[PDB]
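K.L.:
Okay, here's the structure, questions in a sec.
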Amino acid sequence: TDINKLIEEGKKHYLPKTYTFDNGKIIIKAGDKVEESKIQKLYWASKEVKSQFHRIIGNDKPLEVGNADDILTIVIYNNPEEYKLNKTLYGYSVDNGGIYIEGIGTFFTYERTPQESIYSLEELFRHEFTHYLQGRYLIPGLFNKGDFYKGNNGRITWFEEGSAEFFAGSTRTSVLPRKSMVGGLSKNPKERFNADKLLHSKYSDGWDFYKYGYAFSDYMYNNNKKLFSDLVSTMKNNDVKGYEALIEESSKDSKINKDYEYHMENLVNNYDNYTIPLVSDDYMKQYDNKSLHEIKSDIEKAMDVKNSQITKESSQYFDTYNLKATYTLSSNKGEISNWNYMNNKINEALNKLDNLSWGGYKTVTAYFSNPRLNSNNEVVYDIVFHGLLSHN
Ligand SMILES: [Ca+2]
Ligand SMILES: [Zn+2]
């Protein structure tokens with residue numbers, strides 16, 4: 001009689017395990033055969049992707065206050081067959097390898113073998129997690145409802161999907177290319193998308209645009225940071241006309257097309273180097289306990305920041321910390337020079353911490369974001385470092 005109760009019981013049966021992280025801000029519900037070690041890898045993978053995303057997008061403040069994605073729920077069925085039950089249990093399409101629903105802040109997927117998918121669970125999760133990030137920090141309103149989806153519902157599709165594919169390759173220090181994506185790009189240059197074709201792609205065009213959107217995102221990151229910056233700026237601002245104008249300009253630009261084509265050629269040539277950047281074993285090791293005060297002191301030295309705030313959070317297998325500070329640029333040399341300065345500096349800080357004796361520093365992720373000019377017209381950034389404090 002009580003259908004809702006029966007459904008809750010079914011969820012409990014198929015997803016009997018619950019793992020919580022970050023003082024309850026990440027909840028993972030999973031089948032009894034999904035390994036705890038895998039669950040932990042996904043948590044640390046999420047921090048690598050998060051940090052690269054904030055570095056590039058330049059914002060770590062949710063665009064809206066009080067959305068469902070204040071809590072990220074991850075639902076992992078045991079296998080592809082049990083995943084089909086998600087249509088009945090939760091109500092969402094199971095015709096995919098997983099799906100993120102912004103309105104409930106929930107990603108649904110399943111553990112799988114290499115014979116069931118090209119994509120390992122961590123690889124797929126790293127892609128789909130970026131939809132969560134895009135929904136929260138980059139695209140105003142909800143998916144298929146905000147102003148970016150009105151009128152021309154596919155105007156952002158090439159970027160939303162292409163950038164998700166790209167950010168899946170995040171590491172502690174960069175975003176690296178993915179074999180699964182590069183391998184699909186045509187060996188024949190004449191069959192590859194040009195910029196105009198990509199930048200107007202929609203879901204109804206088929207699925208080739210995902211790989212070419214991936215490649216265009218890697219092209220921007222490595223060779224056209226200004227366009228990447230300019231696009232994300234229009235998105236954060238809900239500036240649909242600005243975005244559209246930028247797409248039209250970029251679609252007709254022969255230098256962008258030449259450089260994009262060259263970049264694809266280089267990706268294809270370097271295919272063997274592009275094994276998916278999955279998280280290191282460094283995250284699973286036990287280390288000595290080290291105090292927050294000492295961690296703060298080391299990070300302040302490595303990054304040249306002062307008066308930082310460090311705070312502990314609890315997960316069920318370990319405690320973590322976030323250190324927050326600001327950094328003021330001695331010299332303003334324009335957007336892209338500043339970006340590179342900060343990206344290099346933050347990576348040098350991570351390298352210095354890595355070279356210290358405490359192994360816990362190998363778990364650290366870091367970003368800079370939200371630049372603004374102070375009263376003396378100096379550029380100030382927010383800085384955040386995240387790391388393991390102690391295993392339980
Ligand atoms: Ca959103
Ligand atoms: Zn996607």
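Quick note on naming: the chains in the structure tokens go A, B, ... in the order shown, residues restart at 1 in each chain, and ligands are numbered from 1 in order of appearance.
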Hey, which residues come within 8 Å of ligand 2 if we count only C-alpha atoms and all ligand atoms? Could you give them as a list in words?

P.N.:
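Based on only C-alpha atoms and all ligand atoms, ligand 2 is surrounded within 8 Å by residues 99, 127, 128, 131, 160, 161, 162, 164 and 165 of chain A.
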
K.L.:
Using DSSP on the backbone coordinates, identify the residues of region 89-298 of chain A assigned to helix (DSSP H, G or I); present them as an MDAnalysis selection string.

P.N.:
chainID A and resid 89 102:104 121:137 147:149 157:167 179:182 189:191 195:199 203:205 208:223 225:236 240:251 254:269 271:273 281:284 292:298

K.L.:
List as JSON lines every residue of chain A that is in contact with ligand 1, defined as an atom at most 8 Å from one of its atoms (using only C-alpha atoms and all ligand atoms), together with the nearest atom pair and the distance in Å rounded to one decimal, sorted by chain and then rising number.

P.N.:
```
{"residue": "A:63", "atom": "CA", "partner": "ligand 1", "partner_atom_place_in_ligand_line": "1 (Ca)", "distance": 7.1}
{"residue": "A:64", "atom": "CA", "partner": "ligand 1", "partner_atom_place_in_ligand_line": "1 (Ca)", "distance": 7.6}
{"residue": "A:102", "atom": "CA", "partner": "ligand 1", "partner_atom_place_in_ligand_line": "1 (Ca)", "distance": 7.3}
{"residue": "A:134", "atom": "CA", "partner": "ligand 1", "partner_atom_place_in_ligand_line": "1 (Ca)", "distance": 6.8}
{"residue": "A:135", "atom": "CA", "partner": "ligand 1", "partner_atom_place_in_ligand_line": "1 (Ca)", "distance": 3.6}
{"residue": "A:136", "atom": "CA", "partner": "ligand 1", "partner_atom_place_in_ligand_line": "1 (Ca)", "distance": 5.0}
{"residue": "A:137", "atom": "CA", "partner": "ligand 1", "partner_atom_place_in_ligand_line": "1 (Ca)", "distance": 7.0}
{"residue": "A:138", "atom": "CA", "partner": "ligand 1", "partner_atom_place_in_ligand_line": "1 (Ca)", "distance": 6.8}
{"residue": "A:139", "atom": "CA", "partner": "ligand 1", "partner_atom_place_in_ligand_line": "1 (Ca)", "distance": 4.5}
{"residue": "A:140", "atom": "CA", "partner": "ligand 1", "partner_atom_place_in_ligand_line": "1 (Ca)", "distance": 4.3}
{"residue": "A:141", "atom": "CA", "partner": "ligand 1", "partner_atom_place_in_ligand_line": "1 (Ca)", "distance": 4.4}
{"residue": "A:142", "atom": "CA", "partner": "ligand 1", "partner_atom_place_in_ligand_line": "1 (Ca)", "distance": 4.5}
{"residue": "A:143", "atom": "CA", "partner": "ligand 1", "partner_atom_place_in_ligand_line": "1 (Ca)", "distance": 6.2}
{"residue": "A:146", "atom": "CA", "partner": "ligand 1", "partner_atom_place_in_ligand_line": "1 (Ca)", "distance": 7.3}
```

K.L.:
Residues within 10 Å of residue 227 (chain A), please, as a ChimeraX atom specification. Count only C-alpha atoms; anything in the same chain fewer than 2 positions from it doesn't count.

P.N.:
/A:217,220-221,223-225,229-233,246-247,250,256

K.L.:
May I have the selected residues written with C-alpha atoms, as a PDB file, in the first residue's frame?

P.N.:
```pdb
ATOM      1  CA  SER A 217      38.753  22.682 -24.612  1.00  0.00           C
ATOM      2  CA  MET A 220      41.944  26.596 -25.254  1.00  0.00           C
ATOM      3  CA  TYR A 221      43.694  25.495 -22.053  1.00  0.00           C
ATOM      4  CA  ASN A 223      46.942  27.719 -26.520  1.00  0.00           C
ATOM      5  CA  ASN A 224      44.005  30.092 -26.114  1.00  0.00           C
ATOM      6  CA  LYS A 225      43.550  30.754 -22.426  1.00  0.00           C
ATOM      7  CA  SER A 229      38.578  32.936 -19.794  1.00  0.00           C
ATOM      8  CA  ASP A 230      36.262  35.054 -21.943  1.00  0.00           C
ATOM      9  CA  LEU A 231      33.721  32.257 -22.385  1.00  0.00           C
ATOM     10  CA  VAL A 232      33.528  31.406 -18.701  1.00  0.00           C
ATOM     11  CA  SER A 233      33.177  35.085 -17.925  1.00  0.00           C
ATOM     12  CA  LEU A 246      31.921  35.524 -28.749  1.00  0.00           C
ATOM     13  CA  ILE A 247      30.821  32.240 -30.452  1.00  0.00           C
ATOM     14  CA  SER A 250      35.317  32.711 -32.829  1.00  0.00           C
ATOM     15  CA  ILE A 256      41.405  29.841 -34.163  1.00  0.00           C
TER      16      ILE A 256
END
```

K.L.:
Excluding residue 363 (chain A) and residues on its chain fewer than 3 positions from it, collect all residues at most 10 Å away from it, counting only C-alpha atoms, and give them as a list in words.

P.N.:
residues 44, 47, 48, 172, 279, 280, 281, 282, 283, 284, 285, 320, 350, 354, 359, 360, 386, 387, 388 and 389 of chain A

K.L.:
Since we have the selection now, will you write its residues out, keeping C-alpha atoms, as a short mmCIF file (atom, residue, chain, number, x, y, z; two decimals), in the first residue's frame?

P.N.:
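again_19.cif written:
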```
data_model
loop_
_atom_site.label_atom_id
_atom_site.label_comp_id
_atom_site.auth_asym_id
_atom_site.auth_seq_id
_atom_site.Cartn_x
_atom_site.Cartn_y
_atom_site.Cartn_z
CA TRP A 44 40.12 12.37 -3.84
CA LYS A 47 39.25 17.27 -5.20
CA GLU A 48 41.73 17.15 -8.13
CA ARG A 172 47.07 17.93 -8.71
CA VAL A 279 44.41 9.24 -8.48
CA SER A 280 47.72 8.13 -6.96
CA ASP A 281 48.06 5.51 -4.21
CA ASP A 282 49.43 8.39 -2.09
CA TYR A 283 45.86 9.08 -0.93
CA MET A 284 45.31 5.65 0.65
CA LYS A 285 48.49 5.51 2.80
CA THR A 320 40.80 16.71 6.23
CA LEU A 350 52.60 22.02 -3.92
CA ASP A 354 55.72 17.41 -1.53
CA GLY A 359 53.80 12.20 3.25
CA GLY A 360 50.48 13.82 3.98
CA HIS A 386 42.79 21.04 0.79
CA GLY A 387 44.45 17.99 2.27
CA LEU A 388 44.38 14.90 4.43
CA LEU A 389 44.83 15.61 8.13
#
```

K.L.:
One decimal, Å: what's the distance from CA of residue 124 (chain A) over to CA of residue 22 (chain A), could you say?

P.N.:
21.7 Å

K.L.:
I want to know what sits within 12 Å of residue 310 (chain A), based on only C-alpha atoms, with residues of the same chain fewer than 4 positions away left out; could you give that as number ranges by chain?

P.N.:
A: 291-300, 306, 320-325, 383-387, 389

K.L.:
How about saving the chosen residues, C-alpha atoms kept, as an mmCIF file, in the first residue's frame?

P.N.:
```cif
data_model
loop_
_atom_site.group_PDB
_atom_site.id
_atom_site.type_symbol
_atom_site.label_atom_id
_atom_site.label_comp_id
_atom_site.auth_asym_id
_atom_site.auth_seq_id
_atom_site.Cartn_x
_atom_site.Cartn_y
_atom_site.Cartn_z
ATOM 1 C CA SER A 291 49.115 19.376 13.729
ATOM 2 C CA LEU A 292 47.004 21.953 11.880
ATOM 3 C CA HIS A 293 49.275 24.671 13.230
ATOM 4 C CA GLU A 294 52.339 23.069 11.608
ATOM 5 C CA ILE A 295 50.471 22.450 8.336
ATOM 6 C CA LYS A 296 49.359 26.084 8.301
ATOM 7 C CA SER A 297 52.916 27.305 8.936
ATOM 8 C CA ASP A 298 54.372 25.122 6.099
ATOM 9 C CA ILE A 299 51.660 26.156 3.645
ATOM 10 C CA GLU A 300 52.062 29.855 4.511
ATOM 11 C CA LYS A 306 49.944 35.212 5.891
ATOM 12 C CA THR A 320 40.804 16.712 6.227
ATOM 13 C CA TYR A 321 41.608 20.422 6.319
ATOM 14 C CA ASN A 322 41.028 23.509 4.195
ATOM 15 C CA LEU A 323 43.393 26.444 4.461
ATOM 16 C CA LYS A 324 42.109 29.735 3.103
ATOM 17 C CA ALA A 325 44.119 32.870 2.474
ATOM 18 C CA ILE A 383 43.675 30.833 -2.227
ATOM 19 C CA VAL A 384 42.461 27.455 -0.958
ATOM 20 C CA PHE A 385 44.462 24.348 -0.080
ATOM 21 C CA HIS A 386 42.792 21.036 0.792
ATOM 22 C CA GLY A 387 44.450 17.987 2.268
ATOM 23 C CA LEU A 389 44.826 15.611 8.126
#
```

K.L.:
Please tabulate, as CSV, the residues of region 161-212 of chain A that come within 10 Å of region 50-58 of chain A, each with its closest pair of atoms and the distance in Å to one decimal, counting only C-alpha atoms and ordering rows by chain, then residue number upward.

P.N.:
```
residue,atom,partner,partner_atom,distance
A:163,CA,A:53,CA,9.6
A:164,CA,A:53,CA,9.8
A:167,CA,A:53,CA,7.0
A:168,CA,A:52,CA,9.9
A:169,CA,A:52,CA,9.5
A:170,CA,A:52,CA,6.3
A:171,CA,A:52,CA,7.6
A:172,CA,A:51,CA,7.7
A:173,CA,A:52,CA,7.6
A:174,CA,A:52,CA,6.7
A:175,CA,A:52,CA,7.0
```

K.L.:
Store the residues picked out above, limited to N, CA and C atoms, as a PDB file, in the first residue's frame.

P.N.:
```pdb
ATOM      1  N   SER A 163      33.935  20.600 -22.117  1.00  0.00           N
ATOM      2  CA  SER A 163      34.716  20.949 -20.939  1.00  0.00           C
ATOM      3  C   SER A 163      34.602  19.876 -19.861  1.00  0.00           C
ATOM      4  N   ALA A 164      33.440  19.219 -19.743  1.00  0.00           N
ATOM      5  CA  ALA A 164      33.321  18.083 -18.813  1.00  0.00           C
ATOM      6  C   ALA A 164      34.276  16.963 -19.190  1.00  0.00           C
ATOM      7  N   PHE A 167      37.946  18.300 -18.258  1.00  0.00           N
ATOM      8  CA  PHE A 167      38.282  18.387 -16.799  1.00  0.00           C
ATOM      9  C   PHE A 167      38.399  17.032 -16.143  1.00  0.00           C
ATOM     10  N   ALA A 168      37.899  15.986 -16.817  1.00  0.00           N
ATOM     11  CA  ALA A 168      38.073  14.614 -16.343  1.00  0.00           C
ATOM     12  C   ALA A 168      39.550  14.223 -16.208  1.00  0.00           C
ATOM     13  N   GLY A 169      40.431  14.880 -16.950  1.00  0.00           N
ATOM     14  CA  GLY A 169      41.870  14.636 -16.912  1.00  0.00           C
ATOM     15  C   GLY A 169      42.670  15.418 -15.870  1.00  0.00           C
ATOM     16  N   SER A 170      41.983  16.035 -14.910  1.00  0.00           N
ATOM     17  CA  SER A 170      42.641  16.820 -13.885  1.00  0.00           C
ATOM     18  C   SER A 170      43.585  16.025 -13.013  1.00  0.00           C
ATOM     19  N   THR A 171      44.722  16.637 -12.694  1.00  0.00           N
ATOM     20  CA  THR A 171      45.643  16.095 -11.706  1.00  0.00           C
ATOM     21  C   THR A 171      45.824  17.119 -10.628  1.00  0.00           C
ATOM     22  N   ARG A 172      46.819  16.928  -9.764  1.00  0.00           N
ATOM     23  CA  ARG A 172      47.069  17.932  -8.715  1.00  0.00           C
ATOM     24  C   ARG A 172      47.631  19.206  -9.311  1.00  0.00           C
ATOM     25  N   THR A 173      48.198  19.133 -10.511  1.00  0.00           N
ATOM     26  CA  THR A 173      48.902  20.311 -11.030  1.00  0.00           C
ATOM     27  C   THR A 173      48.457  20.796 -12.395  1.00  0.00           C
ATOM     28  N   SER A 174      47.746  19.966 -13.135  1.00  0.00           N
ATOM     29  CA  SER A 174      47.335  20.352 -14.461  1.00  0.00           C
ATOM     30  C   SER A 174      46.072  19.600 -14.896  1.00  0.00           C
ATOM     31  N   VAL A 175      45.715  19.743 -16.162  1.00  0.00           N
ATOM     32  CA  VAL A 175      44.687  18.915 -16.797  1.00  0.00           C
ATOM     33  C   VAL A 175      45.349  18.255 -17.991  1.00  0.00           C
TER      34      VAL A 175
END
```

K.L.:
Would you mind telling me which residue in A:186, A:21, A:145, A:358 lies nearest to residue 288 (chain A) when using only C-alpha atoms?

P.N.:
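The answer is A:358, which sits nearest to residue 288 (chain A).
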
K.L.:
Check the smallest atom-to-atom distance from each of A:361, A:287, A:219, A:339 to residue 391 (chain A) using only C-alpha atoms, then report the winner.

P.N.:
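Checking each of A:361, A:287, A:219, A:339 against residue 391 (chain A), counting only C-alpha atoms, the winner is A:287.
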
K.L.:
Do you have, as CSV, the list of residues of region 61-176 of chain A lying at most 12 Å from region 2-6 of chain A, each with its nearest atom pair and that distance in Å to one decimal, counting only C-alpha atoms and ordered by chain then number?

P.N.:
```
residue,atom,partner,partner_atom,distance
A:88,CA,A:6,CA,11.3
A:89,CA,A:6,CA,9.5
A:90,CA,A:4,CA,10.7
```

K.L.:
Between CA of residue 114 (chain A) and CA of residue 28 (chain A), what is the distance, to one decimal in Å?

P.N.:
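Interatomic distance, CA of residue 114 (chain A) to CA of residue 28 (chain A): 22.3 Å.
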
K.L.:
Fewer than 6 positions away in the same chain doesn't count, so skip those; otherwise give me all residues within 7 Å of residue 209 (chain A), counting only C-alpha atoms, as JSON, numbers by chain.

P.N.:
{"A": [158, 198, 201]}

K.L.:
Which residue is closest to residue 215 (chain A)? Choose from A:228, A:166, A:262, A:110 and count only C-alpha atoms.

P.N.:
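Of A:228, A:166, A:262, A:110, the one nearest residue 215 (chain A), counting only C-alpha atoms, is A:166.
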
K.L.:
Suppose you want the space between CA of residue 199 (chain A) and CA of residue 251 (chain A); what is it in Å?

P.N.:
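CA of residue 251 (chain A) lies 6.9 Å from CA of residue 199 (chain A).
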
K.L.:
Report as a PyMOL selection string: the residues of region 193-374 of chain A with a DSSP assignment of strand (DSSP E), based on the backbone of this structure.

P.N.:
chain A and resi 309-314+318-328+365-373

K.L.:
Return the single residue from A:107, A:243, A:14, A:159 that is closest to residue 210 (chain A), with distances computed using only C-alpha atoms.

P.N.:
A:159

K.L.:
In terms of the shortest atom-to-atom distance over only C-alpha atoms, which of A:103, A:152, A:356, A:41 is closest to residue 68 (chain A)?

P.N.:
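Using only C-alpha atoms, the shortest distance to residue 68 (chain A) belongs to A:103.
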